[PDB]
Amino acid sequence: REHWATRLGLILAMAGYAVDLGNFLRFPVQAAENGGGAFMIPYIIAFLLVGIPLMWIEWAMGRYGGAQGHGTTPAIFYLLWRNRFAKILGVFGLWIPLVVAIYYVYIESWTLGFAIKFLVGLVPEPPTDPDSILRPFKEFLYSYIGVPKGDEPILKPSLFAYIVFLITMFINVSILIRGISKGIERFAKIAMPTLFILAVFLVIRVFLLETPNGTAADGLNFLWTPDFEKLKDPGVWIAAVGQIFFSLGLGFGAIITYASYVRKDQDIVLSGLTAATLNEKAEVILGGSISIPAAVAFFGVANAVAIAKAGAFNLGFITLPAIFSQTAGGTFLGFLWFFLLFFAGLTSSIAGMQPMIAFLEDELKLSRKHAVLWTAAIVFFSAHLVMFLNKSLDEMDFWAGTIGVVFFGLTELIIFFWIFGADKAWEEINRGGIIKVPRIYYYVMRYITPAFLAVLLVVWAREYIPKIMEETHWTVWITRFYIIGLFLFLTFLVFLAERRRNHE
């Protein structure tokens, strides 16, 4: 079995997985909308009661499975729980990262695409008033994706958008086809420092921004001034547990697969703790210091609330580019911003395709070359649904990327800590540990952690599921049809895997 070469590479690959577009866009907007500095109260709590416990569990499950030659959840769930229904539930840990990969690599390609257009100067140059600057960039983005100009839910990506998508797939395959240590690990050691340098340079330049409408301090102010009155709102605590769960990328099946390349007795308690921390530092220090302070510096604290309400996507793909076109050296600034996001995306997409590659390798005994190429093929082909059908992206992100991961997160806890056995699980987590998990966490993992996840799931099921089902366009059935098929197809592969094993 392949293994991580160095402890540092392992930590950087894992941190690379967690640190994504969300760190620099989603988190700052969530924080501004949910109590500013006060949001750190339920955020740290969520990190301690949900994020850290579950992450350790996923590392343990991954390492446990890897020792027996299995890096994915159909095989691993079966090992923790010998039942046919365990295998079926395990398919989700293969299906979720696959579906997310199907739209996420495309989004990732947008940033590479924007980075190049900025570098070579193929971007709008307004002219005045805020809308006079924002609109040409709104239009730039819309022409790239091919946002529908009519009533048809049809997208028309530019040739440039399409070729960059091809290039992006090529880069992913390039890394993945070289394997865990010589490919993913080697790349983490380059991308993670590069990421840090870009962010630090941006944080510095943002902190020097001064306009007639405000400064970076005004931005940092608005973001971090606490609003403790929002702590009463249940949705703020849900937001925190939600934010933590998603920032760490728990429930995607990715962490388990990566951990399966950790050796049987190699530490996971400290390594895991360090990786989660890197994500957090990247999130609150760097992520919170770039996008919101820059936006508020240019548009003024008066529009801060409006900016936060406009969302993470608009901030990163419309608002900030517009600001860069109005600032000195903003052309090279825009390149750095989108290059930064691209590496943030790239370190995450490789991790998210690895479970499929691992499954093809571990269970169907494919060579790495074939496993990577076929995985790329399924992802490349399927992505045409995301590129051409409007709102397809949102549908996949809801079922797989939102509802799915929380359900799968809860499923992992129960199978490992309740079915497999809390005591067997506890020893599994601490074995080889440079540090030992604090004894209090034995109760957290068994009762508190699943309780939190259950509450989150129910609130979200009650809140969002009725809306998506009753108020959406008929074309959503196209996306549902396709991803349900993917689940059927994966089930078949799991079926073929167990049959091959019975023969040999």
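From 1 onward, residues are counted along the sequence shown.
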How big is the unmodelled gap, if any, between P127 and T128 relative to the deposited sequence? Choose none, 1 to 3, 4 to 9, or 10 or more. 1 to 3
Comparing 196-204 with 128-136, where is the mean C-alpha B-factor higher? 128-136
Return whichever of 376-384 and 297-305 has the greater mean Cα B factor according to the PDB record. 297-305
Among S291, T168, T211, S143 - the residue whose C-alpha B-factor is largest in the record: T211
Please pick out which of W399, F92, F359, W224 has the largest Cα B-factor as recorded in the entry. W224
Ordered by C-alpha B-factor within the chain, which third holds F85? Give me lowest, middle or highest, please. highest
By the record's CA B-factor, is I57 among the lowest, middle or highest third of residues in the chain? middle
Chain-relative CA temperature factor third for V29: middle
Select lowest, middle or highest to describe the third in which the CA B-factor of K232 falls within its chain in this entry. highest
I154 by Cα B-factor - lowest, middle or highest third of the modelled chain: middle
